[PDB]
Amino acid sequence: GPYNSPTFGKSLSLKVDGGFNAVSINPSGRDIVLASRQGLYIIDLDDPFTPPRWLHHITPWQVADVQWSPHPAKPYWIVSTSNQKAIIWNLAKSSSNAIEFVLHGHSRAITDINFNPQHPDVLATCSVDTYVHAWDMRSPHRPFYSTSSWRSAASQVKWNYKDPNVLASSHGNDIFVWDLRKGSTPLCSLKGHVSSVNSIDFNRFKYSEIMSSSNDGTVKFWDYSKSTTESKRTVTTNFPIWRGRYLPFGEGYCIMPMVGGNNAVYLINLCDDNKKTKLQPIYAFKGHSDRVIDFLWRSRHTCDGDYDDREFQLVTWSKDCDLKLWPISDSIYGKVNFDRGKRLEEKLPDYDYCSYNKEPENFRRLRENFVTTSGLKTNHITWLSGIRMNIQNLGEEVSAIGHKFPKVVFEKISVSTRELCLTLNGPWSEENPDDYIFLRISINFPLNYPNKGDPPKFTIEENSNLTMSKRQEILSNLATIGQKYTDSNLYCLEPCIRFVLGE
Amino acid sequence: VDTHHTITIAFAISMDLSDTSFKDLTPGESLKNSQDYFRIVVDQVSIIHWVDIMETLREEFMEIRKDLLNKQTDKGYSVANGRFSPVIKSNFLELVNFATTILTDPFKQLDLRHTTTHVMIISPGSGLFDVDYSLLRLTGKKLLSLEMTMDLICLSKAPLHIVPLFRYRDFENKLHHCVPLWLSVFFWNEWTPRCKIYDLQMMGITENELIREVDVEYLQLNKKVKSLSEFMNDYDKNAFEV
Amino acid sequence: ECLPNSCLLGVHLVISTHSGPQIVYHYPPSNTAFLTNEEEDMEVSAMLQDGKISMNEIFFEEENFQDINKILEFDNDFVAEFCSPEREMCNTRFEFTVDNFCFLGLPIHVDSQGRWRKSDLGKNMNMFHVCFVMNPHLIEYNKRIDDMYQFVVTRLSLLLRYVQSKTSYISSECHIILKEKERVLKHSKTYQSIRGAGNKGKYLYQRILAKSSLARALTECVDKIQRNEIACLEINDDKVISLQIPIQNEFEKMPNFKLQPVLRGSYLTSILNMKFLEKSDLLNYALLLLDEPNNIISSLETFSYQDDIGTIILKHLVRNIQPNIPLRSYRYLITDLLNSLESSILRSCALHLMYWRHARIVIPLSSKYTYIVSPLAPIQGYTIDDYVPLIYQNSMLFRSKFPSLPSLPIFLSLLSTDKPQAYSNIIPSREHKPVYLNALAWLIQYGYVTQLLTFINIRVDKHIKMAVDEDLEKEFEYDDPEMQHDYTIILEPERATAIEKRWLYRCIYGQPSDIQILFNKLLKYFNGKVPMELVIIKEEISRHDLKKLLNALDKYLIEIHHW
Amino acid sequence: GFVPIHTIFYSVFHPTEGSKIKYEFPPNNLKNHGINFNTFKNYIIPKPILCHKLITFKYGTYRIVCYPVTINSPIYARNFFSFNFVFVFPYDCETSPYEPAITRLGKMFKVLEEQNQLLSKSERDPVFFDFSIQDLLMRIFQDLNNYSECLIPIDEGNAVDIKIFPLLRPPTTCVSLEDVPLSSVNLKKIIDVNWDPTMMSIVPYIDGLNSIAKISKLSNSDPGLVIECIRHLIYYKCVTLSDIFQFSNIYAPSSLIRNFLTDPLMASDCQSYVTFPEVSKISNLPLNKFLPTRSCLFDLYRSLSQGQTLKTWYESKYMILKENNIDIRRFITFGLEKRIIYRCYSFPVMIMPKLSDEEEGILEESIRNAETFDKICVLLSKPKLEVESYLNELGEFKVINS
């Protein structure tokens, strides 16, 4: 289920090195995908201690956007841009070959990709070569719709939530609204922006409302049923805006800066009656020493659906290689006109909460054990250093000890299952005191570790080089150290390891 | 050099009207279904107006994609359709005959300030053109009867073959190669890549889908060999044949 | 690229004063097209006869000459303008590219107080810049510039800073260079009697090099770095500096011959200098001189000036050296000259010889070791880095060095036409043994012959597994096929599990105690990575003991043979 | 892959206050990072000798790439106009993919300033004489930092179209006639209309066992153009050279023979590769007249040795390959492709029908160049035994299996 998650009501920061430029989220709220030039990183948002699944695709050009498929019947699909082609990833497939099919459309780099909310098998791609192509995932070979602006490179493409064949694209200073049955001729051309428009977003509730954001600091709200020229509202900021989007709950919108603006995501209420105003946000998500490059939302709700009681968590990804989860308080839920608890006109969709970070797997061949697997993990011990649940964690303790002792080799680190298996060379030989014996110690932690009365369980693998009396003495001293350090409700894994080898 | 010319710049477009991929095109055969366009950008204009000439050229080149690839449907809207032909399958002899239209009559109006009629063809290819045989014969017979020098200039690197190269299919579907005498090829500019592989330079093929399918063979026999040593001897004897 | 290419085109000497920056001495005065594609006469004649002046005559030919006032299509004042940066861009890395020419240097500027170092031209000068011009390709630019700056420019500029701070040496060198330029251009009638601007510049440079010591240092540095050699430079007649760019001629894994070119004669061994230079026991190995001992003595006398204790010790070690005996046995050569201090001196001298292309490190050569012909043997190619062949040149050298031995083709065919056995099967008699070992050292030092080391991995069949299952139970079935074994290679037996360590210790079941003892001491090295030649040296065992364990354990031991 | 731009700024030479920065994205990025423009202002706007050249210099931890442009015309004040579109990168990267982009940006703006006086009129101040810069710099910065591409229209006919391409190593010149090419990709599906006709002819004959001389004779092609086409395919990292398979060859294990053990997919691919699809007839021939296990394949790969030819190795181990249905050519090819074995080349150094004059000339030239048996066999189009007999007729020779 989604309600036993440990990261939804809490704030959490993860350090994901590698230079990732794009991010997208599962609508179930379980997985988050990060795209780079080397491929995809899938992180479990309920088990952030596990290192993310790397799916390999090496490209020299920087990736633009990644997008999860919101189809409930296809929850294994990820569309990611690989320069001029979009790659659909099958997470049920193995990591060596996880690519299902590739959309070979535009000639220049794909700029943005979006899914149709009404029909989640329809995808629209925009690119630098001044083309917006609409694809069908049932027949992913040629686009069923092509349109162009013919002058300026596209920046985003977005679908209309209400009318399921209207999509808009932003090409420099101009926003063009396309009808899918009207060819390349636009329904309207919003031309009120001075500088280049970065982000575009439709309204989920109104048929004909679009918000825009540009480099001049202006956030413009449009209603193309009334007038193509001019705007219903114009909000001016002191910073350029990179991504501006409407809120998924209540009446409001969320914009974030491009190069300045204290690198904080801004949340602004939208509840009022041309109005050149300034930005008056409610909440600013302070943090993020370098600029934020995308923001997402994490939604969970009841499975059956009688009242609209859903909680939201903001997920932001920044240039300083930090992935942060932001809790949203009920003060924000009330300041935005959001009716928490309401009889549903239509029940909310239900998504499977299955993770995808784990590696999947399925003349004749004889059954054989050719080479030993044990003869065949510093990435894990460096990944666990970047996990911060905002020594206060088991994984932070494990990473600190792994950084403290480079000689100690970890064979199995599992913070989620609280099981540790580490190998070392210890001076515990009865024949010669100078001889070092290879030892395998498996450590099991309780769910109440490190509270008082809940010590870790130490099991040492049966070694021929280790005598039974010395093994029992080592185990008894390890139990003594664990009981003595859990009596003060401190952490006992560094005194134990420093006892086994050395003092 | 303080030359006083009259430039005349015209675009030259061949549009492919079929949905067949360009990889399926046979070398030597031209496109069966095509439409040919001609956008005259700058007319007979003196070269002291080179600022206006360049301005018009840049504006019309930026507008040619909207002009051609946005066809008008009778239902009241426009559909983004159409494709430019490749250089090899382009309408090169049609372009040259379009050029030689203006010299058919010796007794035309006299340009009393200018003397020579020189035609330059700017192409993004490398001197390789698939042409029709009868049109090639007619183009040669026409170019040998008038005072023009078609100076083809290629914006790609010089290839590994002799330029200009024309490939045509005869009446018996026989491939031929010929170098025309009347066309002179210039190139506008340590190892330099002189062979064009577009799908590997642009990385247009995803790494999981161009993995090698056909491998080394399975060492077929001879039906004359009864010993393994005889097989090794017959393989070593024929290891360098052909 | 593994082929050595020092991409120098020349050197500058750009100094600055309160009146403004200028240039002092630049070399060579050649054009871009060649580089890219009275008593003074008696003194210069004696210096050319004695070898004190080492210039390159091709830089002053008529087709390979540019004017002294022009450097690479730039004026002297122009170069002195853009190679004399501000105080914020001085005392740091000066990287500056003009298209394909990189102007790399470390300019030294005096501080605000007026001291060169933190501990006419003597007071006016506030900056000097020994600027090096390189033309590397764009794909190897970072590598070439980084190696040049790390190995030549920084060291030479720091030593020049020290000698200027303690002696004011560059000021005097600039003064005598400018005085000799004025005395040749405006006083000597020999200059006017010499035809051709190139020959005039050659005579002018001969006088400058005769009178100046910094000019000799810069000329030798450029000439011996462009020739890919060690540049020994004389500075202030009291200190010498040795400069080189290291050569990649050692390879553990075999490089691709027909995709990445590698110097012919490169050492395809698993024992490398760079595995030991980067660590700075080495005394378990033996040295192997890269030239004749007298040539090494002649080269090492130019590495110092006063014949100190280090040069005497190094000369004594080079004179009394043998490649068949380890360096640990050479403590007696320096105990008479004065863990342990002698072991440290031996280690430092071995690093000094093997870093400066004098004495390569090898496993000590024996007639009991199997020696194969390297794939990187210098057979093809006119020279080492070409890309009469090298086989015939080295055969002539082999015949000259050993006239009582079969030819180099005979030796290289006797070692590469049968299965590779020990080297003692080529030597006919014991009287021929030392000259054949000298031939073996010659073959290894030329890259013709490498060593075939033995690597052992441990393998377990179904019988050991069934015995271990029976022992575990202590505390199909209608047929018995003997060609359906269930085998298993324990890759690293040190980090073996509980069942796999039982497999290893059931492999030795009925063997005697010496086999039991030797298996336990050598089990951790049975991983396919440790050569058995190093195990014999380190563990103080003999070859008869090791050959017993290979014979007594035949179906369980994997034999792997590579370099 | 490609380094992000740190700061883009447009510096212009004012006729009154000299060289100055006009626009700079990000705003105040140079002063925040300690970069002082007055230290290197004489390189951004240098003398006209250094102008129209790609100037790159190091300033602290940053590498500053610029293409200074100076236009001499009497329309401007002081008879010249100078600008520079300057790019700042970190020092510890490779700015080589960005240098043609900056050079072409400077050249295109030089053309535009010489044509319609774009940058000089964009200042809106009549002191330089006798579209927004800041928006263009923002668009260039974020499009090259987010897409490695840009299409930014600046006029009705002008746009900034920049695509950053990776730099590739040049192919070697060591490719020869005796080398066989191995295509690592499916070359039939890469063929579009822009390919060279020679390469299109070569493609259906790169089967992993044809020599370059054999490919040249099969495709009716001159060997030099085949060498250049194989070089071009090497440049795109799709063809790797190998050796002609003969049973007179000598193969030995390399230092990477342990990679047959420490690899999760090498041995399984070996099992699926080296085996005949059916019970082949070679697995029924005598020596004279389930899939194979990975241990069998490893034991066969170790048993190769120097100085022992493949005929001797195969006649010593032929029941093993017959019972396990192993193709020896496929076995050797898989071993060479994974670089776990190598070939020891045979060198005929010196101390039957009448051979032709050109044939004896190329034989003598091959002998005097110490060429391998493979190259002589390719050049004479003869097997090894005929070459050996002709060499024994010509003189006495020894063979090195290096």
Side-chain angles (χ1 to χ4, degrees), chain B residues 219 221-222 224-242, chain C residues 373 379-380 391 409-410 412-414 416-419, chain D residues 176-180 209-214 217 242-252 282 285 287-289 304-316 318 328-329 332 343-402:
Chain B
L219 259 188
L221 264 190
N222 196 35
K224 257 166 181 179
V225 169
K226 320 293 169 183
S227 162
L228 204 62
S229 313
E230 291 292 323
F231 173 69
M232 295 187 261
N233 290 350
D234 277 332
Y235 192 79
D236 289 333
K237 195 179 170 65
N238 293 26
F240 298 102
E241 198 72 32
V242 176
Chain C
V373 179
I379 303 183
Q380 273 206 25
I391 175 68
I410 299 280
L412 283 186
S413 67
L414 277 172
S416 81
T417 53
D418 279 275
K419 286 275 288 292
Chain D
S176 45
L177 279 186
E178 83 265 20
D179 301 325
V180 308
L209 58 92
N210 280 8
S211 74
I212 281 177
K214 199 187 294 159
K217 273 290 284 173
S242 194
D243 46 349
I244 311 156
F245 182 79
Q246 298 152 256
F247 286 99
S248 186
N249 302 156
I250 294 184
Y251 296 100
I282 300 195
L285 262 65
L287 187 70
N288 270 323
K289 184 171 185 178
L304 301 158
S305 188
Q306 293 90 353
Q308 168 179 71
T309 184
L310 209 57
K311 195 164 179 184
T312 304
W313 178 88
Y314 190 37
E315 79 198 3
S316 174
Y318 78 110
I328 183 176
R329 192 164 71 176
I332 289 307
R343 201 205 167 239
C344 313
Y345 277 70
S346 291
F347 287 86
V349 69
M350 315 278 281
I351 59 165
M352 292 289 143
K354 169 160 284 297
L355 77 169
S356 167
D357 290 353
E358 290 93 6
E359 199 270 351
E360 82 200 9
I362 63 182
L363 177 58
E364 276 274 336
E365 281 309 294
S366 66
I367 283 304
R368 215 178 287 112
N369 292 329
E371 285 189 338
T372 71
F373 266 108
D374 289 337
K375 191 48 179 298
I376 305 167
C377 279
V378 160
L379 278 176
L380 310 177
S381 309
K382 289 181 189 303
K384 194 167 172 289
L385 271 299
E386 306 192 347
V387 167
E388 278 186 2
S389 78
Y390 284 162
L391 282 190
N392 264 315
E393 280 298 311
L394 196 146
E396 68 275 15
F397 71 99
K398 276 76 68 177
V399 188
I400 298 96
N401 304 302
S402 71

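The basis for the numbers below is simple: all heavy atoms, side chains too, and nothing from hydrogens, waters or symmetry mates. Residue numbers start from 1 in every chain, and the chains themselves are labelled A, B, ... in the order their sequence lines are given, proteins ahead of strands.
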Does some side-chain heavy atom of [Y] sit less than 4.5 Å from a side-chain heavy atom of [X]?
X	Y	result
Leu379(D)	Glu178(D)	no
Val387(D)	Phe240(B)	no
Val399(D)	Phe373(D)	yes
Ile244(D)	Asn249(D)	no
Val349(D)	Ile379(C)	no
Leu412(C)	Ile391(C)	yes
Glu359(D)	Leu380(D)	yes

Report task. In sequence, state the C-alpha distance, the side-chain angles, and the governing distance for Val180(D) and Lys214(D), and then conclude on side chain to side chain contact (heavy atoms under 4.5 Å, CB included). Result -> CA-CA 9 Å; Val180(D) 308; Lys214(D) 199 187 294 159; over 6 Å; no
Query - Residues, nucleotides or ligands: over 12 heavy atoms within 6.0 Å of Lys375(D) NZ - result: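 Atom NZ in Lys375(D) is packed in, count exceeds 12.
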Query - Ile362(D), CD1: over 12 other non-hydrogen atoms inside 6.0 angstrom - result: yes
Report task. Begin from the C-alpha positions of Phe397(D) and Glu388(D) and carry the test side chain to side chain contact (heavy atoms under 4.5 Å, CB included) through to its verdict. Result -> CA-CA 9 Å; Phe397(D) 71 99; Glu388(D) 278 186 2; 4.1 Å; yes
Gap between atom [atom2] of [Y] and atom [atom1] of [X] - 0.5 Å precision:
X	Y	atom1	atom2	result
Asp374(D)	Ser211(D)	CG	OG	9.5 Å
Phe231(B)	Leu287(D)	CZ	CG	13.0 Å
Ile250(D)	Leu304(D)	CD1	CG	11.0 Å
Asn222(B)	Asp234(B)	CG	CG	6.0 Å
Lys289(D)	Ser229(B)	NZ	OG	13.0 Å
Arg329(D)	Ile332(D)	CZ	CD1	12.0 Å

Requested in this report: Measure from the side-chain N and O atoms of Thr417(C) to the backbone N and O of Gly307(D), and report whether any donor-acceptor pair falls under 3.5 Å.
Outcome: no
Query raised in the report: Do the side chain of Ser413(C) and the main chain of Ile410(C) share a donor and acceptor less than 3.5 angstrom apart?
Result: yes
Report task. Fit a plane to each ring of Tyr235(B) and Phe247(D), take the angle between them on a 0 to 90° scale, and name the class: parallel (under 30°), tilted (30 to 60°) or perpendicular (over 60°). Result ->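 Plane angle over 60°, so perpendicular.
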Report task. Among residues two or more places apart or on two chains, list those pairs meeting side-chain hydrogen bond (donor to acceptor under 3.5 Å, both in side chains) that have a residue in residues 391-402 of chain D. Result -> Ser346(D)-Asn401(D)
Report task. Taking side-chain contact (heavy atoms from CB on, under 4.5 Å) as the test, write out the residues that go with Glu386(D), two or more places apart. Result ->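 Expected list: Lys382(D), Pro383(D).
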Shortest non-hydrogen contact from [X] toward [Y]:
X	Y	result
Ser227(B)	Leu285(D)	O-CD2, 3.5 Å
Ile376(D)	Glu371(D)	CD1-O, 4.1 Å
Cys344(D)	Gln306(D)	SG-CG, 4.0 Å
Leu219(B)	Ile328(D)	CD1-CG2, 4.1 Å
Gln380(C)	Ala370(D)	CG-O, 3.3 Å
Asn369(D)	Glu365(D)	ND2-O, 2.9 Å

Report task. Would you check, one step at a time, whether the test salt bridge (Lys or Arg N to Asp or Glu O under 4.0 Å) holds for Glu230(B) with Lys226(B)? Result -> CA-CA 7 Å; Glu230(B) 291 292 323; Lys226(B) 320 293 169 183; over 6 Å; no
Query raised in the report: Side chains of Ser248(D) and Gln246(D): is there a donor and an acceptor less than 3.5 Å apart?
Result: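 No.
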